[PDB]
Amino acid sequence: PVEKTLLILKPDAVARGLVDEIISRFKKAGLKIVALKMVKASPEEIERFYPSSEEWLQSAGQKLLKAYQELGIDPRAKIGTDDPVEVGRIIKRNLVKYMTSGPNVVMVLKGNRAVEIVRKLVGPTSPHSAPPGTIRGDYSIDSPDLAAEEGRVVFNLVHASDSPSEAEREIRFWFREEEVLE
């Protein structure tokens, strides 16, 4: 039962005309788009889309605490807390603004090892350090320090399901059974 993954083009990405450039890369690799739609998500939808586990909030929190040390930013002065879970809730809230600020395009990609292949093509979380050839490296120059100073998340173009399991959940979230056509 061939593997599927969910990909979202975030609002900067759509507004900049990158839909077709990004679709072209998956196509050329041999992935089929088996669902596709442009949507305005409400904050509610984005809130339930992203996890709410403590583990996730916590692990997103440390990434940014680690960041704040390197730039010498006191997180207490910057966002009012140094608590990892609380900082996670602030990141999630930032995520919600950004994914809510314009239309998204959501697609399901299907092919041998879709989930890992899409992560590989998309590239790492920071575009400034994503290698050339990757979607994030070829189409963005944003960086986690700029994001930290401007009080936002990184504008890294897309979200890709980080696992088979997470993929089945995020797919079901966006698409009813008969919108996914194989």
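Numbers for residues come from their place in the sequence shown, where the first is 1.
When the two stretches 88 to 96 and 107 to 115 are set side by side, the higher mean Cα temperature factor goes to 88 to 96.
When 53 to 61 is weighed against 118 to 126, 53 to 61 comes out higher, by mean CA B-factor as recorded in the entry. Of the residues listed, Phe26, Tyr68, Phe155, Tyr139, the entry assigns the biggest Cα temperature factor to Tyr68. Sort the modelled residues of the chain by CA B factor and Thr134 lands in the lowest third. In the PDB entry, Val39 places in the middle third of its chain by CA B-factor.
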